[PDB]
Each structure stands twice: as structure tokens, then as C-alpha cells.
Amino acid sequence: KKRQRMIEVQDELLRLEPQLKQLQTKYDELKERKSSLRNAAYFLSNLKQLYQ
Amino acid sequence: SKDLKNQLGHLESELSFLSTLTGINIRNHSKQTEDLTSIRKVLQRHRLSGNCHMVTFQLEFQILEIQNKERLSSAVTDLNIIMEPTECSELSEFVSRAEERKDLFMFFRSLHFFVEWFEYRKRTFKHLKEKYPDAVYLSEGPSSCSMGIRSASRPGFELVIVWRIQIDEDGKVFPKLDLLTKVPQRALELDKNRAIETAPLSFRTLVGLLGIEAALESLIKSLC
Amino acid sequence: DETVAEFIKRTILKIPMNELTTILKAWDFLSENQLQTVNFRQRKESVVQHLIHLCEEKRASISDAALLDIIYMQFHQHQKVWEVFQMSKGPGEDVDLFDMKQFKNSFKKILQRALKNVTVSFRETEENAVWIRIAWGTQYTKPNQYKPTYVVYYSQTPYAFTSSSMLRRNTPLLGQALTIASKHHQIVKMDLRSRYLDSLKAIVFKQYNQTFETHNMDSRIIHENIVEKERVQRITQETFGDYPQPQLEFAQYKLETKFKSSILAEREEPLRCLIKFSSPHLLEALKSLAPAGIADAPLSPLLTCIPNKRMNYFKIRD
Amino acid sequence: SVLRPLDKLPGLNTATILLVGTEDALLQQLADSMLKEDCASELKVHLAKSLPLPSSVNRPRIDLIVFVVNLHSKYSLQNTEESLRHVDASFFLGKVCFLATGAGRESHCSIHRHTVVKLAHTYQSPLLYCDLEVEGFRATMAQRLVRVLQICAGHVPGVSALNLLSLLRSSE
Amino acid sequence: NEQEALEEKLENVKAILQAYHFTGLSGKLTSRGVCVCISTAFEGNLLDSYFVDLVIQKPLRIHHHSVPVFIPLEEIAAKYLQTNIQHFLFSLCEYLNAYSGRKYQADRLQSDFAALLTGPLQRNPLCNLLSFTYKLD
């Protein structure tokens, strides 16, 4: 009976691993995307004000 | 004689299709054969000219086919290519590198990529030349690497965009963008925020955020 | 012990006499100078008994017998029914760096931690093939040498072949071991079973068609309907191609479609049917059906998509 | 289209025969068996799968039609029954023959002989038995068919197709 | 007469196609589409060549090929087949040239300098991982 428990537990562990990987990739790309966007906005506004 | 004309027309159409698909139009080709037998060694000299849509070339090489009982080794013993004398020094540098490396296919592929990037650069510069003719000053022309943005209200304040195309040692081709600002110190003494020294890195981040032409038009609008 | 000797004797008896020298040469267990001593001109039983005497004189373990069994099986490879598996990996995973020792250790450890008594034998052969022989067992029984399981794996590829012998009770375990040792994420079973391993190899890798194009009589008899004959010939040539077809021997269809033909007009239930095609060499008899006049010029897509869709078992609903 | 017996004028010392059947190999073997031996006339053989034939103008007149029925398949029987409705009645007056194949192997037969017995009797035409797989019987059948065709074409003075209809008439 | 000039044009165009054959990538028009021949060479040493069959009808499909299975052609096909097919061909050329060069280096190491190597070197089918021990005199 416990052999089936072995197999099934390994099953859910294996099918949940890639979801965790994908979520990590999405998070750590979105953070840098937001940071870069904010920095670019600040630079553009500052340059526009300096010229004006 | 209609069938022969039909075959000639079909071959001409196929040749044109292959030339416009690959992107290489070849000129006449000449072949010479020499037998140097001691196990057999044959030296074949080929010469051909051609062009890629923008640039002509003339190449001549010789290969040594070594036919044996079980192996047929072919090695490019010598190659020599000639360009037209353009102003692209890196083109000559890569020609020398390919000459001293004695390889052919990478040369063709790199030339294709180079002319591809060159055509995008020219088409991008010429479009922005006409889109905002009152704020753009293409000093050297669309077939160059420089772009000059300037305001007609004051000729003192203007900056330049440098777009370069570089070929690494391996043979790949990559572009690069930068800006150089000719700003008087009057702006430095006016603004204490000091937002001009960080222009290069910030601009390169900007162009990697929303595109190339988008950043260029944003800069044009801000300078307007 | 005696079980090893009995297993070796049974394996040798299974081996034919004409090709016995090649099998023993490939085994490379006994020394070469011990081979010419045995006379192969006598009866088969005497030779078998003599070889048993020589192998019992030397220290012989179960690994040598397993290797001999693997060699015999890969030399025959037509006595069992083979199934295929497909393996999928996540898009965020980079290309794996395959290693023989790491794969072997992981595959051994998975079964060693799952079961208790199990025998694993490996053989790495050319064109990048790995043969694995598994003798199953559990905590309360010794490993069984009468019902082994054969697995063929190709390195850095998503496919793996298996022999359908006794894995029906441990198929998920074998799949988990395969998908863990090779660093993959999902494993599925394809609907493709056959007895010829070469045909499966050709179909799965779709390399059966290698026709590549490059530049480098009794006039008194009048045959009518000649245009129909040439049309059906052209259609057959275009549909079935000209390359030699792969060898298959079985096909199965399940149908759950409604009957449409006054007759069963009021019926709203499907007509359940099961159809089996059997032939010594399939995909060639079907090619000759249209010229023989038994079937229409264009065949049904269910019969001309066996190699393109890479399936052998079909289910069809309304 | 409907095939008619007397549409075109006869040729010079030429006889034409038409064979209708589903199996092409057997028809080809019967044809080149007929043409293997020589005779005083010029023989022409046409092969077809069913009726009506594709439209054409150069086709000469047809003097005899032989329907081949294979007892091992109902498809041939259905095809012959369908094709029998595309010829006029005037063509049945001693110019149509039936040839049954496969009666030797009783275990393979899927059509009872009594069915083709009615089929032949209804249209008032002769019925012949032969196994086309064996060369020895096929040669004899070809010779008999050639003789019948020569009689039908009018190359035998004093004997016509109508008389031949009475000669081969069955008592019951 | 005109036959000689027609034959001269025929041989000239045949020579031109044989010249295209040496640029690395060649193409031939067939009924179902275009058959593309791809060639590999490392340091001027020509190696084995492969072929790919294409279909012109929309959408673009793949009929059959002889590329080794472990080469990841499916993804690159899915992401560049419908746009800039020439870029697809050039990228495939990159992959095949690199793989052929790596295999040639591995084979030259295995065959030529077998005295310094003690045991067989571990190699994967893609030839992207090497591991070997050596003793030099």
C-alpha cells in the first residue's frame, strides 16, 4: 500500500517544481523592470526640466 | 525550339529566386584544375565576383582535394578577397581576419548580417530625418554613423548619437548606441541638480526599456 | 551457487548453436584460450555441459550472467513487444549536461530507495544507446531472474523504449526513475506498440524518408478507362510516396459514431465498434489496395496517417 | 449513353470483342490468351470495368459482349447487375454471353450457382463455366470464345447470331 | 546556330548553380516546395552535409529532414519559421557549424593524440561536455 503513496507524493513534488521556478523567474524579472522604468522616468523628467 | 527556351526561362527564374532568397548575386565564375599525383591530390583554383545588394566583392581561392581509398579531405590552401575602397575600417580588419583564418561561410554570413544592420541603421536615420526636419541635422548623411540633433532657436546646444556596428573575433556582429553632448558650462552653473553626467548610462537603460526609435522620439520631444 | 549455474545453462540453451561462438566472443568473460578447448562439432548438450563445467570452475557472479542475457536480448530483440515513452521538460530549464556516471548512480539509487531487492545491469553501446536490464523484487522476496524488464534509452533525447513483460505493476515507478535520473519534468505514454524495434526507431525519429533533391506491346488490345488508372496511380504515388515503408503488423480503431444510412433513423445512440487490422507487413498491403480495385482512389485519412501522426491505436467519437 | 448493335458499318475482315469485368488481371490474361493463337480474321479486344463506356467517336462497332462474374465476391455481381441496364434489348439476341469464374473451389464461393442460373436464364443468354487461374482451361475457353465471336461477326456463311441463339437454347 | 548559344547559356547557368553550391547553403525548387542543402566546414575542412524539405503553402510546414534529433530544431522552427526564413536558415547554419566543429575537435583528439590519454574520455552526443585525465611526458 505504501508504495503507491511513494509514487504519488513524488508525482506532486515533481509537477509543482516547475511552477515554483517560473514564478521565481517572473518575480525577479518584474522587479528589475519596475526599477529600470522608474529610473528612466526620473532621468527623462530631470533632463526635460533642465532644458526648460 | 520552344522547349529549350522554356527550360532556359525556368532556370533563369529559379536562379533569380535563389539569388533573392539567399541575398547573394554572383558574377561570372572561373575554374582551373591541376593534377599533382604522387593516393591522389588535385588542386582546383576558383575565381568569382559578386555583390550583396549594397556591396561588391571579388574573391579567388585554391583548394587541395586529397582523394584516398577511404577519405576525401578538402582544405582551403589559399584564399584572397578584394573589396571596394569604402570608409569602413572594421570591414578591412575583418577581411584581413578572414584572410588569415582561411574560412568562407562565416565570411558570407557575417557580411549578410552586417549589410542587414547597416540597412536598418540607414532606414531608421532617414525616416527621422524627414519626420522632424526642423530639429534634426544629419551632418554626415544617412549612410554614416553619426546623427546630429540641434535646435534652430540656438545652435550652441546640440548633441550627437553614435551608432556603431562591431564584429567580434569569433565572427558575430553586434551594434552599439551612445550619445555625446556638447553642452556649455552655462548649463552646469545654472542647474545644480547635475543630471548631465549620467546621460550615457541612463540613455542606454532607456533604449533597453521601450525600444530604440521610441527613445529617440522622446528625446526629440523633450528637446523641442 | 547453483541458481547462477542454472540460469547460465538456460541462457546458453536458449542461444542457437550456429551463432554461439559470436555470442561467447562478445561476452568476453571466459579467457580466449579456454574457447578452442571445447569442440563445437559434437552434440549441443555436450557443448553446453562442457561450458557449464568451465564457467563453474571459474568464479562467476550474477553480473556476468546478466550481461550475457543483455547481449542475447539485443542480438534478438524480436521476441518481445516494445512500447515508447515521451518526456517533456519545463521551458525555463537550460540544456542539461548529460553524464553517464551521474545518470547510472541516480537511476540505481531511486530503485534502491524505492524497493529493497532489485538487480540493475547497464550496457552502453554505440549510436549513444543505453540498455538497462532490471530484475524486480521486493522486501520479502528475492529478485526474480525469470521475468526481467528491458529499457532502451537514448541520451539527450525525449524518448525511451521499454519491454512490456512485468512492469504493469511498477510502471509508475519506472517512469519516475526515468524522469528523475535524466532530469526531466513530465513523462507520458504514446499510443504506439509494435514488435519491430527498428520500425519504431525510424518512425519516432521520422528518418524513414531520405529522398532528397539537390544539384550536386499488343497494340490490338485497347485499354479503356486508362485515364482512371493513371489518375489512381498518381494519387497512390502522391499519398504513399515512393520510399520503402516501415514494417508494422497491427492497428486498432475504436468507433463511437452514429449510424447514418429508413434504417435506424429514430436512433439517437452511437454504434459502438472495434476494428483490428492485422498483416505480416502492414503499410504495404494498404498501398496495393487501390490498384487492385478493392478501395477507392483516395484512401481514408485514418489509414494514411499511421507514420505521420505516429500512432497505432485510434479512438473516434462523433 | 446506350450501346447499340448496328451503329457503325462493319470493317474489312475485322472482328471486335468487348470484355466487362472488375478484375483487370484476369481480363488481361484472357485477352492475350485469345490473341496468342492466329486465325483467318483480324481480332480486336476491348476491356472495360462497367457500362456505359466513356464517350468517343473512333470506337468501332461491337460484335460480342462477355460479362465476367466472379463467384467469390458479391461486388462483381452487383456491378454486372448495374451494367446490364445500359444496353438495349436488340443487343440481347444472341450477342451476349456470361462467364462464371471460381466454381471449382466450392469453399471460397460466396454466391450460389442458382442465383446466376436465374440471372442467365432471365435474359435468355448462354452461360459458361471456367477457372481463369489455370492456363490449360483458359486456353480452351479462349478458343471457344474466338469461335463464337467468328460465328457472331458473320464470317460463317449460312449461320447468324439468331440461329446461334436457338442452337444453345436450354430445354428448361 | 541558336543551338550553340543555347547550350552555352545552359552550361553557364549550370556553372553558376554549382558555384552557389559552394557558398554553404543551396536551394532547389521541387513540386511541394524548396529543398535546402546545408554544408558544414571547420578551418577549411569540409564535412558532412544535410538537407531540409519545406512547403510553400500557408501555413509553412516541415515535411521531413535528416538533422540529428538532439539538435533543438523544433523551438527555433516554431519561433522563426513564419518570419524571416533566411534568418532561420542562418541560425541553423550556426548550430550545425558549431556542432560539426566540436565533433571534429573531439574526433581529432580521440584519434591523433591517443598516447597521452590514459582512458577513454567521457563524451555526450551533443559534444558540449568533456572530461578527461592526461599524463604528459
# chains A, B, ... in the order shown; residues from 1 in each chain; ligands from 1

call {"tool": "closest_atom_pairs", "arguments": {"of": "chain C", "to": "chain D", "cutoff": "6 Å", "atoms": "only C-alpha atoms", "output": "Markdown table"}}
result
| residue | atom | partner | partner_atom | distance |
| --- | --- | --- | --- | --- |
| C:220 | CA | D:44 | CA | 5.4 |
| C:221 | CA | D:45 | CA | 5.0 |
| C:222 | CA | D:46 | CA | 5.0 |
| C:223 | CA | D:47 | CA | 5.5 |
| C:224 | CA | D:48 | CA | 5.6 |

call {"tool": "interface_residues", "arguments": {"of": "chain B", "to": "chain A", "cutoff": "10 Å", "atoms": "only C-alpha atoms", "output": "PyMOL selection string"}}
result
chain B and resi 157+187-188+190-196+198-199+201-210+215+218-219+221-224

call {"tool": "residues_around", "arguments": {"residues": "segment 40-44 of chain B", "least_positions_apart": "5", "cutoff": "9 Å", "atoms": "only C-alpha atoms", "output": "PyMOL selection string"}}
result
chain B and resi 31-35+61-68

call {"tool": "write_last_selection", "arguments": {"atoms": "C-alpha atoms", "output": "PDB file, in the first residue's frame"}}
result
ATOM      1  CA  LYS B  31      37.663  27.194 -62.637  1.00  0.00           C
ATOM      2  CA  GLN B  32      41.122  25.726 -63.262  1.00  0.00           C
ATOM      3  CA  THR B  33      42.284  22.189 -62.458  1.00  0.00           C
ATOM      4  CA  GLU B  34      45.789  20.839 -61.824  1.00  0.00           C
ATOM      5  CA  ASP B  35      46.673  17.176 -61.245  1.00  0.00           C
ATOM      6  CA  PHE B  61      40.865  30.774 -53.841  1.00  0.00           C
ATOM      7  CA  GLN B  62      42.508  27.396 -54.368  1.00  0.00           C
ATOM      8  CA  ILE B  63      41.653  24.091 -52.697  1.00  0.00           C
ATOM      9  CA  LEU B  64      43.548  20.797 -52.438  1.00  0.00           C
ATOM     10  CA  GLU B  65      41.308  17.737 -52.741  1.00  0.00           C
ATOM     11  CA  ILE B  66      43.121  14.668 -51.402  1.00  0.00           C
ATOM     12  CA  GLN B  67      41.328  11.536 -52.593  1.00  0.00           C
ATOM     13  CA  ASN B  68      42.380   8.314 -50.877  1.00  0.00           C
TER      14      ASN B  68
END

call {"tool": "residues_around", "arguments": {"residues": "residue 103 of chain D", "least_positions_apart": "3", "cutoff": "8 Å", "atoms": "only C-alpha atoms", "output": "PyMOL selection string"}}
result
chain D and resi 71+100+106+109+129-131

call {"tool": "interface_residues", "arguments": {"of": "chain A", "to": "chain C", "cutoff": "8 Å", "atoms": "only C-alpha atoms", "output": "PyMOL selection string"}}
result
chain A and resi 3+6-7+10-11+14-15+18+21-22

call {"tool": "write_last_selection", "arguments": {"atoms": "C-alpha atoms", "output": "PDB file, in the first residue's frame"}}
result
ATOM      1  CA  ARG A   3       4.454   2.044  -2.474  1.00  0.00           C
ATOM      2  CA  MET A   6       5.678   6.875  -2.549  1.00  0.00           C
ATOM      3  CA  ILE A   7       4.796   7.179  -6.225  1.00  0.00           C
ATOM      4  CA  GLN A  10       6.880  12.051  -5.898  1.00  0.00           C
ATOM      5  CA  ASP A  11       4.322  12.907  -8.580  1.00  0.00           C
ATOM      6  CA  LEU A  14       7.722  16.837  -9.499  1.00  0.00           C
ATOM      7  CA  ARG A  15       4.755  18.621 -11.061  1.00  0.00           C
ATOM      8  CA  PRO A  18       8.434  23.940 -12.494  1.00  0.00           C
ATOM      9  CA  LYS A  21      10.745  28.023 -10.979  1.00  0.00           C
ATOM     10  CA  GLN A  22       8.507  30.004 -13.346  1.00  0.00           C
TER      11      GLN A  22
END

call {"tool": "select_by_dssp", "arguments": {"residues": "chain E", "states": "strand (DSSP E)", "output": "PyMOL selection string"}}
result
chain E and resi 25-29+34-42+45-54+62-65+122-123+130-131

call {"tool": "closest_residue", "arguments": {"among": "B:119, B:197, B:93, B:217", "to": "residue 169 of chain B", "atoms": "only C-alpha atoms"}}
result
B:93

call {"tool": "select_by_dssp", "arguments": {"residues": "chain D", "states": "alpha helix (DSSP H)", "output": "count of residues only"}}
result
56

call {"tool": "closest_atom_pairs", "arguments": {"of": "chain E", "to": "chain C", "cutoff": "9 Å", "atoms": "only C-alpha atoms", "output": "JSON lines"}}
result
{"residue": "E:17", "atom": "CA", "partner": "C:215", "partner_atom": "CA", "distance": 7.8}
{"residue": "E:18", "atom": "CA", "partner": "C:216", "partner_atom": "CA", "distance": 7.2}
{"residue": "E:21", "atom": "CA", "partner": "C:216", "partner_atom": "CA", "distance": 7.3}
{"residue": "E:26", "atom": "CA", "partner": "C:214", "partner_atom": "CA", "distance": 8.1}
{"residue": "E:27", "atom": "CA", "partner": "C:214", "partner_atom": "CA", "distance": 7.3}
{"residue": "E:28", "atom": "CA", "partner": "C:214", "partner_atom": "CA", "distance": 5.8}
{"residue": "E:29", "atom": "CA", "partner": "C:213", "partner_atom": "CA", "distance": 8.6}
{"residue": "E:30", "atom": "CA", "partner": "C:213", "partner_atom": "CA", "distance": 7.7}
{"residue": "E:34", "atom": "CA", "partner": "C:213", "partner_atom": "CA", "distance": 9.0}
{"residue": "E:35", "atom": "CA", "partner": "C:213", "partner_atom": "CA", "distance": 6.2}
{"residue": "E:36", "atom": "CA", "partner": "C:214", "partner_atom": "CA", "distance": 7.8}
{"residue": "E:37", "atom": "CA", "partner": "C:214", "partner_atom": "CA", "distance": 7.1}
{"residue": "E:51", "atom": "CA", "partner": "C:212", "partner_atom": "CA", "distance": 6.9}
{"residue": "E:52", "atom": "CA", "partner": "C:212", "partner_atom": "CA", "distance": 8.1}
{"residue": "E:53", "atom": "CA", "partner": "C:212", "partner_atom": "CA", "distance": 7.9}
{"residue": "E:64", "atom": "CA", "partner": "C:206", "partner_atom": "CA", "distance": 7.1}
{"residue": "E:65", "atom": "CA", "partner": "C:207", "partner_atom": "CA", "distance": 7.0}
{"residue": "E:66", "atom": "CA", "partner": "C:207", "partner_atom": "CA", "distance": 6.2}
{"residue": "E:67", "atom": "CA", "partner": "C:207", "partner_atom": "CA", "distance": 8.9}
{"residue": "E:68", "atom": "CA", "partner": "C:205", "partner_atom": "CA", "distance": 8.7}
{"residue": "E:69", "atom": "CA", "partner": "C:205", "partner_atom": "CA", "distance": 6.7}
{"residue": "E:70", "atom": "CA", "partner": "C:157", "partner_atom": "CA", "distance": 5.8}
{"residue": "E:122", "atom": "CA", "partner": "C:99", "partner_atom": "CA", "distance": 7.9}
{"residue": "E:123", "atom": "CA", "partner": "C:99", "partner_atom": "CA", "distance": 8.0}
{"residue": "E:124", "atom": "CA", "partner": "C:98", "partner_atom": "CA", "distance": 6.2}
{"residue": "E:125", "atom": "CA", "partner": "C:128", "partner_atom": "CA", "distance": 6.6}
{"residue": "E:126", "atom": "CA", "partner": "C:156", "partner_atom": "CA", "distance": 7.7}
{"residue": "E:128", "atom": "CA", "partner": "C:97", "partner_atom": "CA", "distance": 7.3}
{"residue": "E:129", "atom": "CA", "partner": "C:97", "partner_atom": "CA", "distance": 6.5}

call {"tool": "residues_around", "arguments": {"residues": "residue 61 of chain E", "least_positions_apart": "2", "cutoff": "12 Å", "atoms": "only C-alpha atoms", "output": "PyMOL selection string"}}
result
chain E and resi 32-34+52-59+63-65+74+77-78+80-82

call {"tool": "write_last_selection", "arguments": {"atoms": "N, CA, C and O atoms", "output": "tab-separated table (two decimals), in the first residue's frame"}}
result
chain	number	residue	atom	x	y	z
E	32	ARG	N	6.54	20.20	-54.11
E	32	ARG	CA	5.94	20.51	-52.81
E	32	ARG	C	6.52	21.78	-52.21
E	32	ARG	O	5.88	22.39	-51.35
E	33	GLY	N	7.70	22.20	-52.65
E	33	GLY	CA	8.32	23.39	-52.10
E	33	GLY	C	9.76	23.58	-52.53
E	33	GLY	O	10.08	23.53	-53.72
E	34	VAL	N	10.64	23.83	-51.56
E	34	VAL	CA	12.06	24.03	-51.81
E	34	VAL	C	12.85	23.09	-50.91
E	34	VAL	O	12.57	22.98	-49.71
E	52	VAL	N	16.94	19.74	-45.87
E	52	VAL	CA	15.67	20.05	-45.22
E	52	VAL	C	14.63	20.30	-46.31
E	52	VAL	O	14.92	20.96	-47.31
E	53	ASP	N	13.42	19.76	-46.13
E	53	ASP	CA	12.34	19.91	-47.09
E	53	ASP	C	11.29	20.88	-46.55
E	53	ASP	O	10.87	20.75	-45.39
E	54	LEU	N	10.87	21.83	-47.37
E	54	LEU	CA	9.89	22.84	-46.99
E	54	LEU	C	8.70	22.81	-47.94
E	54	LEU	O	8.76	22.26	-49.04
E	55	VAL	N	7.60	23.41	-47.48
E	55	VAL	CA	6.36	23.51	-48.25
E	55	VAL	C	5.97	24.98	-48.34
E	55	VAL	O	5.98	25.71	-47.34
E	56	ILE	N	5.61	25.42	-49.55
E	56	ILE	CA	5.30	26.82	-49.78
E	56	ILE	C	3.90	27.20	-49.30
E	56	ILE	O	3.65	28.37	-48.98
E	57	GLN	N	2.97	26.25	-49.23
E	57	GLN	CA	1.60	26.57	-48.89
E	57	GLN	C	1.50	27.12	-47.46
E	57	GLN	O	2.25	26.72	-46.57
E	58	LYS	N	0.59	28.06	-47.27
E	58	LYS	CA	0.37	28.65	-45.96
E	58	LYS	C	-0.56	27.77	-45.13
E	58	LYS	O	-1.59	27.31	-45.65
E	59	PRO	N	-0.25	27.51	-43.85
E	59	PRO	CA	0.97	27.97	-43.18
E	59	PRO	C	2.18	27.10	-43.50
E	59	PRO	O	2.01	25.94	-43.90
E	63	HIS	N	8.20	18.99	-43.93
E	63	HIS	CA	7.86	17.67	-44.46
E	63	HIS	C	8.71	16.59	-43.81
E	63	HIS	O	8.18	15.69	-43.13
E	64	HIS	N	10.02	16.65	-44.00
E	64	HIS	CA	10.95	15.71	-43.38
E	64	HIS	C	12.36	16.26	-43.52
E	64	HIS	O	12.61	17.15	-44.33
E	65	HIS	N	13.27	15.70	-42.74
E	65	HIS	CA	14.66	16.15	-42.74
E	65	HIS	C	15.54	15.03	-42.20
E	65	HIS	O	15.06	13.96	-41.80
E	74	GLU	N	13.11	22.14	-33.20
E	74	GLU	CA	11.68	22.36	-33.08
E	74	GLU	C	11.37	23.77	-32.57
E	74	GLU	O	10.51	24.46	-33.13
E	77	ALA	N	12.34	26.43	-35.13
E	77	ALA	CA	11.35	26.39	-36.19
E	77	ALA	C	10.07	27.10	-35.77
E	77	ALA	O	9.55	27.95	-36.49
E	78	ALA	N	9.58	26.79	-34.57
E	78	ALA	CA	8.34	27.40	-34.10
E	78	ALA	C	8.47	28.91	-33.97
E	78	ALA	O	7.47	29.63	-34.11
E	80	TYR	N	10.92	31.03	-35.63
E	80	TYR	CA	11.34	31.79	-36.81
E	80	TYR	C	10.88	31.23	-38.15
E	80	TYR	O	11.34	31.73	-39.18
E	81	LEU	N	10.01	30.22	-38.20
E	81	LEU	CA	9.59	29.69	-39.50
E	81	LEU	C	8.76	30.70	-40.27
E	81	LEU	O	8.96	30.90	-41.47
E	82	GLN	N	7.81	31.36	-39.59
E	82	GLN	CA	6.84	32.21	-40.28
E	82	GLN	C	7.38	33.59	-40.63
E	82	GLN	O	6.77	34.28	-41.45

call {"tool": "interface_residues", "arguments": {"of": "chain E", "to": "chain B", "cutoff": "10 Å", "atoms": "only C-alpha atoms", "output": "PyMOL selection string"}}
result
chain E and resi 2-3+6-7+9-10+12-20+22-29+39-47+85-87+89-91+93-94+97

call {"tool": "atom_distance", "arguments": {"atom1": "atom CA of residue 38 of chain E", "atom2": "atom CA of residue 55 of chain B"}}
result
24.4 Å

call {"tool": "residues_around", "arguments": {"residues": "residue 92 of chain D", "least_positions_apart": "2", "cutoff": "8 Å", "atoms": "only C-alpha atoms", "output": "list in words"}}
result
residues 88, 89, 90, 94, 95, 96, 123, 124 and 125 of chain D
